[PDB]
K.L.:
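Got a structure for you, questions after.
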Amino acid sequence: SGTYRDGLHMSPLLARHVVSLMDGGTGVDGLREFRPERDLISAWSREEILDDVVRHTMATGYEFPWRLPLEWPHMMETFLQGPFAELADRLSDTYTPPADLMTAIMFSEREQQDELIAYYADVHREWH
Amino acid sequence: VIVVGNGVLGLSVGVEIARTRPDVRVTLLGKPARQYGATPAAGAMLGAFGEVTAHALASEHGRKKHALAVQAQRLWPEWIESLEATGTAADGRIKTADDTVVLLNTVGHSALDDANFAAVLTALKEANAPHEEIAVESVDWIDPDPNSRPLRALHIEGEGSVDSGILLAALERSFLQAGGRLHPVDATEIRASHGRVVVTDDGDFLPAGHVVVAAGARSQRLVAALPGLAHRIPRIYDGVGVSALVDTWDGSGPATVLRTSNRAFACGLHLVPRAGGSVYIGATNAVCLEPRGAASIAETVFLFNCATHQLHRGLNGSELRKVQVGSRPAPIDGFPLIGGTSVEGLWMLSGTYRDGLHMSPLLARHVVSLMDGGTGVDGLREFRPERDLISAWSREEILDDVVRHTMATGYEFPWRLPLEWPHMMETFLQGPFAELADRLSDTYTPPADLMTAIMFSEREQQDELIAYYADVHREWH
Amino acid sequence: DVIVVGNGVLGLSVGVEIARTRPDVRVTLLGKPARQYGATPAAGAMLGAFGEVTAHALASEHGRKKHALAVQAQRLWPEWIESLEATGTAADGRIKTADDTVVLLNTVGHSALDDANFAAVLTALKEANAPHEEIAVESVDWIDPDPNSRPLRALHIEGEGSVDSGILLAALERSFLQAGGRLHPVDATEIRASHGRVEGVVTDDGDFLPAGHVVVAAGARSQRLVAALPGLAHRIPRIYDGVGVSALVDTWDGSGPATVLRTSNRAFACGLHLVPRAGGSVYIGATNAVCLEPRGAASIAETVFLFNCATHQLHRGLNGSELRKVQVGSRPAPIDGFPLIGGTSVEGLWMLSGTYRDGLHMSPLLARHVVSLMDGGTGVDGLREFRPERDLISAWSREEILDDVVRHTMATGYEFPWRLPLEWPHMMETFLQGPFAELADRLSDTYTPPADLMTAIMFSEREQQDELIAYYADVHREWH
Ligand SMILES: Cc1cc2nc3c(=O)[nH]c(=O)nc-3n(C[C@H](O)[C@H](O)[C@H](O)COP(=O)(O)OP(=O)(O)OC[C@H]3O[C@@H](n4cnc5c(N)ncnc54)[C@H](O)[C@@H]3O)c2cc1C
Ligand SMILES: Cc1cc2nc3c(=O)[nH]c(=O)nc-3n(C[C@H](O)[C@H](O)[C@H](O)COP(=O)(O)OP(=O)(O)OC[C@H]3O[C@@H](n4cnc5c(N)ncnc54)[C@H](O)[C@@H]3O)c2cc1C
Ligand SMILES: Cc1cc2nc3c(=O)[nH]c(=O)nc-3n(C[C@H](O)[C@H](O)[C@H](O)COP(=O)(O)OP(=O)(O)OC[C@H]3O[C@@H](n4cnc5c(N)ncnc54)[C@H](O)[C@@H]3O)c2cc1C
Ligand SMILES: NCC(=O)N[C@@H]1[C@H](O)[C@@H](OC(N)=O)[C@@H](CO)O[C@H]1/N=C1\N[C@@H]2[C@H](O)CNC(=O)[C@H]2N1
Ligand SMILES: NCC(=O)N[C@@H]1[C@H](O)[C@@H](OC(N)=O)[C@@H](CO)O[C@H]1/N=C1\N[C@@H]2[C@H](O)CNC(=O)[C@H]2N1
């Protein structure tokens with residue numbers, strides 16, 4: 001599971017991998033990293049993800065595509081940085097959600113954000 | 001008597017001093033270039049009811065300003081008669097229209113345009129002013145883009161316009177006729193000693209027992225060099241305004257002023273009729289911490305786009321005669337600086353922002369009455385030039401207003417964007433403006449027009465304002 | 001005595017060349033400092049050769065000749081500038097403002113113009129062995145476009161540059177005086193000829209100036225001036241006003257690009273370009289509308305369109321930059337789409353006009369051509385077809401022009417750029433064909449106006465259309 005955009009494409013390879021593991025083999029070399037039972041992976045710095053989430057947020061405008069005064073995109077770029085930086089810091093000292101999930105958390109209810117702070121904390125206690 | 005400044009205010013007080021005191025020599029300073037001059041860039045509308053906003057009529061200070069504008073309106077017919085009397089047919093007519101039509105369209109924020117249309121209607125009813133809501137199909141001349149068209153229209157009777165250029169010529173002519181002397185140089189410094197009252201930019205010195213400062217946006221910078229007055233006269237900034245003269249495709253023009261209510265950050269759309277197949281369109285407004293003598297591309301495009309879509313598509317193929325730029329004197333606390341000073345013989349007539357020209361006859365009569373030992377006009381006492389910064393609104397009201405006006409710049413464009421985006425911008429604008437207001441001062445909050453300028457200024461310019469606000473608190477509290 | 005009528009780039013350029021190569025003769029140049037309707041002072045200006053290439057131009061014999069002349073003109077510019085700057089000092093300023101041009105391809109226009117014209121420019125550069133390369137858009141210096149208006153392809157053309165048209169005019173005036181030329185700041189009212197020879201020029205102050213040579217380079221007024229002579233009303237092709245709007249902008253930070261920045265030519269010979277200037281200024285242009293009467297002022301529409309394209313397609317920083325000046329000049333727009341260069345049936349009467357978008361670029365070559373002809377030479381080979389005294393050229397079939405005028409009409413939509421329901425462009429394509437086909441058939445059995453002029457005629461008054469039907473008929477009777 002957790003194949004997001006390309007499980008269907010990878011299906012023949014992923015199926016062969018799991019069957020090899022079930023038969024006492026090692027399957028496909030690179031897939032060991034993606035063991036289902038693991039600490040949350042941190043593939044990017046908080047800094048990389050905060051740049052990415054602001055860039056992707058701005059991209060939702062250009063993809064529409066919007067038409068607006070030329071000052072406005074510069075205003076939105078600078079006023080988006082603070083709130084996303086604040087959310088990332090509030091969520092966990094160690095884990096940063098990738099951009100796709102961070103925007104969903106940003107626009108979720110306070111209760112759902114607090115539940116994620118608890119989840120991230122409980123995962124840290126289990127693995128640190 | 002020396003009048004410093006050759007705008008509508010300087011020349012209007014100059015004319016009234018010269019006429020009512022034939023004993024005294026009155027000299028008026030300022031150059032024909034009229035650098036940063038608001039008056040020559042003005043249409044201009046004799047704006048009283050047209051200037052009504054919900055926000056203005058919710059503060060005590062705003063309801064006073066409105067009352068003065070209504071009083072000023074009554075002086076205009078005899079003031080024009082008395083200025084045209086010193087000239088001939090060939091000098092042209094000061095008055096270009098008697099009536100104004102206010103248009104409501106959807107090319108703006110509902111939170112400004114809907115509220116302000118209702119407030120104008122209300123203020124007209126309260127004052128028993130002659131007006132009626134008319135069918136949009138009965139408004140003459142206009143040919144808007146259907147997607148930008150008005151759906152409601154308001155005819156205001158006896159609210160009109162003047163040619164600001166013919167007004168200036170008539171004031172100069174009337175000043176000379178009454179014995180005034182025009183010296184085409186700029187004041188560099190006001191000289192005072194032992195608390196009593198000009199060095200000019202050619203090096204000369206002119207003595208006087210009365211100095212009236214009406215130097216538009218430069219008025220406070222000139223008086224603030226005197227001892228203590230740096231933190232006792234409220235700062236005046238440049239409300240930079242862009243307008244245009246257009247020769248219409250067929251030489252036609254509307255019989256009335258055409259306008260919207262005031263829009264984001266005291267911008268607004270209007271067309272003022274002119275003689276000889278020309279129209280005036282205006283006007284943008286941006287508070288700048290340093291003066292600027294040239295229109296931006298953005299200001300030009302916005303003014304032209306609004307006029308062609310919301311007023312007449314015929315303006316699209318019409319010839320651009322002139323792009324005009326002037327500085328509305330923008331007082332830091334949002335109210336004019338009119339009257340006497342702690343220095344004997346030193347008077348100030350400035351910080352009139354959008355409507356100094358309209359109020360000129362009343363403001364001139366007020367200052368002359370004060371100079372002759374009178375009390376002048378009742379309601380103008382609150383606008384003493386030497387004062388603590390007025391706080392006409394709560395920090396909360398101003399933070400709601402600045403976010404609303406910021407959003408309005410979008411709806412006025414008008415923008416097209418995903419429907420989630422306006423909600424995102426509303427919530428993400430609140431924090432930064434709240435943070436700026438708290439950082440600037442514990443006591444003073446700049447009005448919205450100035451707050452947005454401060455928000456997008458350099459850190460050095462923000463820090464300088466924090467020092468200014470602190471020094472003003474120490475002087476007055 | 002030689003009299004040059006006109007003080008634009010063409011008049012002054014031929015003036016300089018006559019004065020320099022004939023020190024024996026007195027050369028007098030007419031025209032006032034106001035330069036009313038003057039194309040030259042409103043120009044950036046680009047030394048446009050490859051940048052001016054369109055698919056449509058390079059599909060006609062007459063268009064491939066014009067291109068060849070523009071390539072020839074380019075080779076003269078380095079020595080021409082050297083020879084003009086040599087008569088001045090450092091403090092007079094540099095004529096050259098850039099050496100190179102970047103052509104940008106964005107989607108703020110019709111694919112049928114911009115895609116076809118980008119390919120045609122690339123092809124014409126390859127054919128002429130001109131130094132150039134397709135570069136990464138990320139490697140174009142200075143530009144900061146709106147992402148939705150950004151270029152996705154860019155073409156660096158080496159040795160295709162720009163001049164400050166104002167410093168060029170000053171350097172031409174200076175160089176003219178240095179070579180013994182005399183400037184008389186009045187306008188010609190009338191050319192006098194008798195027994196098929198030039199006598200001289202009546203000026204607007206009432207005076208009469210005698211001469212054995214008169215060169216007319218009065219821009220858009222050139223044909224109206226020569227047509228008063230016997231027979232010539234229907235023997236010299238009419239020139240109209242290609243009214244052009246440009247602007248000088250002081251950039252927010254005093255910066256400017258190192259190269260010319262431009263698109264290919266767009267709807268009705270409009271186009272977007274930025275020409276570098278000294279002292280924190282840039283030139284942006286340029287609109288184009290053929291007008292049947294002259295117009296001295298930009299429209300609101302022209303100003304907004306120029307500013308909107310520059311701020312979105314070139315640099316968003318121009319949005320907050322200060323407008324110094326809106327400039328208006330008249331491109332001399334010949335009715336048959338080709339210049340009027342050379343000799344006349346009247347001895348001593350020469351004409352140098354109808355250069356539309358690229359008179360300034362071709363000036364050194366056109367000046368050398370007319371001087372060679374005046375000295376009994378043949379001048380430049382390819383310029384014979386553009387004799388000023390001619391039947392109207394028919395460089396394209398009526399069919400080609402009707403396809404072109406509809407395509408350019410549609411392009412005015414895509415260049416805005418418009419947003420409308422997807423059925424609407426297909427409806428407009430089909431409903432535009434009939435009216436333009438009807439106009440072309442009504443105007444003449446033989447002559448078809450080029451697209452730029454046809455749209456102007458389409459939206460002119462019935463009286464102005466009828467006058468053109470009479471003109472075209474009178475020209476047919478004179479030549480056929
Ligand atoms: C719009 C879209 C476009 C896509 N395009 C591509 C593409 O172009 N290329 C590509 O490679 N992939 C594409 N994908 C899919 C991507 O590859 C996925 O990662 C992949 O399909 C996941 O497959 P899955 O079998 O894990 O999950 P699913 O396809 O979701 O199958 C899981 C199934 O289990 C069932 N189920 C749930 N709970 C239970 C239960 N308790 N007991 C039994 N059954 C249960 C569900 O009903 C469902 O049928 C796309 C997906 C979407 C949504
Ligand atoms: C775009 C625009 C539109 C407007 N529209 C309207 C309208 O519709 N209705 C309306 O009522 N009003 C309008 N106004 C004007 C508004 O009322 C102003 O508040 C008013 O014009 C201010 O007049 P003033 O004499 O105080 O200043 P100004 O008109 O600026 O005159 C001050 C003069 O002092 C000169 N000066 C500066 N320094 C010195 C010095 N050291 N010595 C001497 N002289 C000096 C300046 O060059 C200038 O000429 C408009 C203004 C602008 C810019
Ligand atoms: C907006 C715009 C942009 C341009 N951009 C470019 C560019 O990027 N690159 C380029 O190569 N070229 C450019 N051009 C110019 C183009 O090449 C023109 O074809 C060229 O300038 C024509 O030169 P001219 O000397 O024939 O005309 P003009 O410049 O019009 O000169 C004619 C002069 O004669 C004067 N005159 C008129 N009547 C009389 C009379 N009776 N007697 C005496 N004098 C008279 C006029 O006032 C005028 O000054 C541009 C032009 C415009 C309008
Ligand atoms: N790039 C040239 C161009 O677009 N030509 C147009 C063209 O012929 C038709 O429009 C489309 N879109 O095809 C046409 C429909 O009326 O209007 C044209 N535009 C004009 N003509 C006006 C006059 O010269 C005076 N005032 C202006 O501002 C000019 N604007
Ligand atoms: N009606 C006033 C207004 O919209 N104010 C803007 C406002 O403060 C912010 O933008 C929004 N939309 O809220 C802000 C973000 O930089 O820009 C403001 N506008 C400007 N500042 C520029 C400078 O004065 C010089 N050149 C221009 O062209 C001016 N335009």
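As the structure lists them, so they are numbered: ligands from 1, and atoms in each ligand from 1. Quick note: numbers below take in every heavy atom, side chains included, and nothing from hydrogens, waters or symmetry partners. Letters go in sequence order (proteins before strands), and every chain restarts at 1.
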K.L.:
Measuring to protein heavy atoms, does anything land under 4.0 Å from atom 30 (N) of ligand 4?
P.N.:
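Given the 4.0 Å limit, the answer for atom 30 (N) of ligand 4 is no, no protein heavy atom qualifies.
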K.L.:
Name the option, out of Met362(C), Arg331(C), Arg224(C), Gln327(C), that contains the heavy atom nearest to atom 1 (C) of ligand 3.
P.N.:
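Nearest heavy atom to atom 1 (C) of ligand 3 lies in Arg331(C).
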K.L.:
On a heavy-atom basis, I'd like to know which of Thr287(C), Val201(C), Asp187(C) is closest to atom 45 (C) of ligand 3.
P.N.:
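That would be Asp187(C).
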K.L.:
Contact between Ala218(C) and ligand 3, counting heavy atoms under 4.0 Å?
P.N.:
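It does, in that a heavy atom of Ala218(C) comes within the 4.0 Å cut-off of ligand 3.
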K.L.:
Mind checking whether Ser353(C) has a heavy atom under 4.0 Å from ligand 3?
P.N.:
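False for this residue.
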K.L.:
Below 4.0 Å from ligand 4: does a non-hydrogen atom of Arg295(C) turn up there or not?
P.N.:
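Yes; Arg295(C) lies near enough to ligand 4 that a heavy-atom distance drops under 4.0 Å.
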K.L.:
What do you reckon, does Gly285(C) put a non-hydrogen atom under 4.0 Å from ligand 3?
P.N.:
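No, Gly285(C) has no heavy atom closer than 4.0 Å to ligand 3.
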K.L.:
Using a strict 4.0 Å cut-off to heavy atoms of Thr409(C), name the atoms of ligand 4 that fall inside it.
P.N.:
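Selected atoms, number and element: 13 (O).
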K.L.:
Looking at atom 49 (O) of ligand 3, what's its closest protein heavy atom, distance included?
P.N.:
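Ranking protein heavy atoms by distance from atom 49 (O) of ligand 3, first comes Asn7(C) OD1, 3.1 Å.
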K.L.:
Any idea which protein heavy atom is nearest atom 29 (O) of ligand 3, and the distance to it?
P.N.:
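Nearest neighbour among protein heavy atoms for atom 29 (O) of ligand 3, to 0.1 Å: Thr40(C) OG1, 2.7 Å.
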K.L.:
What is the nearest protein non-hydrogen atom to atom 11 (O) of ligand 1, stated with its residue, atom name and distance?
P.N.:
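The closest heavy atom on the protein side is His9(A) N, 2.9 Å.
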K.L.:
If we count only non-hydrogen protein atoms and require a distance under 4.0 Å, does atom 26 (N) of ligand 4 qualify as touching the protein?
P.N.:
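There is a protein heavy atom less than 4.0 Å from atom 26 (N) of ligand 4.
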K.L.:
Protein heavy atom under 4.0 angstrom of atom 12 (N) of ligand 4, is there one?
P.N.:
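Protein heavy atoms within 4.0 Å of atom 12 (N) of ligand 4 - there is at least one.
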K.L.:
Quick one: look up the protein heavy atom nearest atom 23 (O) of ligand 1 and list residue, atom name and how far away it is.
P.N.:
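Nearest neighbour among protein heavy atoms for atom 23 (O) of ligand 1, to 0.1 Å: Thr3(A) OG1, 4.6 Å.
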K.L.:
Look at atom 10 (C) of ligand 1 and say which protein heavy atom is nearest, naming residue and atom and giving the distance to 0.1 Å.
P.N.:
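Looking only at protein heavy atoms, the one closest to atom 10 (C) of ligand 1 is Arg5(A) O, 3.3 Å.
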K.L.:
Could you identify the single nearest non-hydrogen protein atom to atom 16 (C) of ligand 1 and state the distance to 0.1 Å?
P.N.:
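Among all protein heavy atoms, the one nearest atom 16 (C) of ligand 1 is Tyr4(A) O, 3.2 Å.
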K.L.:
Among residues at least two apart in sequence or on other chains, which ones pass ring pair (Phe, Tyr, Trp, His ring centres under 6.0 Å) with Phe304(B)?
P.N.:
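Expected list: none.
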K.L.:
Which of the atoms of ligand 4 are close to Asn288(C), meaning less than 4.0 Å from one of its heavy atoms?
P.N.:
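Those atoms are 1 (N), 2 (C).
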K.L.:
Below 4.0 Å, non-hydrogen atoms only: which portion of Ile300(C) touches ligand 4? Side chain, backbone, both or neither.
P.N.:
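It is neither; nothing of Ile300(C) touches ligand 4.
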K.L.:
Quick check on contacts: which atoms of ligand 3 are under 4.0 angstrom from a heavy atom of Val9(C)?
P.N.:
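Once the distances to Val9(C) are compared, the set is 23 (O), 25 (O).
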K.L.:
Distance below 4.0 Å between atom 19 (N) of ligand 4 and any protein heavy atom?
P.N.:
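No, there is none.
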K.L.:
Look at atom 28 (P) of ligand 3 and find which of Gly271(C), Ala43(C), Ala39(C) reaches it with the closest heavy atom.
P.N.:
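Looking at heavy atoms only, the winner is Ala39(C).
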K.L.:
Would a search of protein heavy atoms around atom 42 (N) of ligand 1 find one under 4.0 Å away?
P.N.:
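Under the 4.0 Å cut-off, atom 42 (N) of ligand 1 has no protein heavy-atom neighbours at all.
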K.L.:
Which residue supplies the protein heavy atom nearest to atom 31 (O) of ligand 3, what is that atom called, and how far is it?
P.N.:
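Protein heavy atom at minimum distance: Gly8(C) CA, 3.3 Å.
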K.L.:
Does atom 7 (C) of ligand 4 have any protein heavy atom closer than 4.0 Å?
P.N.:
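Given the 4.0 Å cut-off, atom 7 (C) of ligand 4 counts as touching protein heavy atoms.
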K.L.:
Nearest to atom 34 (O) of ligand 3 by heavy atom, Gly329(C), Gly6(C), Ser246(C): which?
P.N.:
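Looking at heavy atoms only, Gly6(C) sits closest to atom 34 (O) of ligand 3.
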K.L.:
Check for me whether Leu225(C) has a heavy atom closer than 4.0 Å to any atom of ligand 3.
P.N.:
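Heavy atoms of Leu225(C) never come under 4.0 Å of ligand 3.
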K.L.:
Using only atom types and a distance under 3.5 Å, with no angle test, would you say the side chain of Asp187(C) pairs donor to acceptor with the backbone of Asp204(C)?
P.N.:
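Checking the backbone N and O of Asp204(C) against the side chain of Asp187(C), no donor-acceptor pair under 3.5 Å is found.
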K.L.:
For residues 39-50 of chain C, which side-chain donor-acceptor pairs fall under 3.5 Å, sequence neighbours excluded?
P.N.:
residue	atom	partner	partner atom	Å
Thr40(C)	OG1	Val9(C)	N	3.1

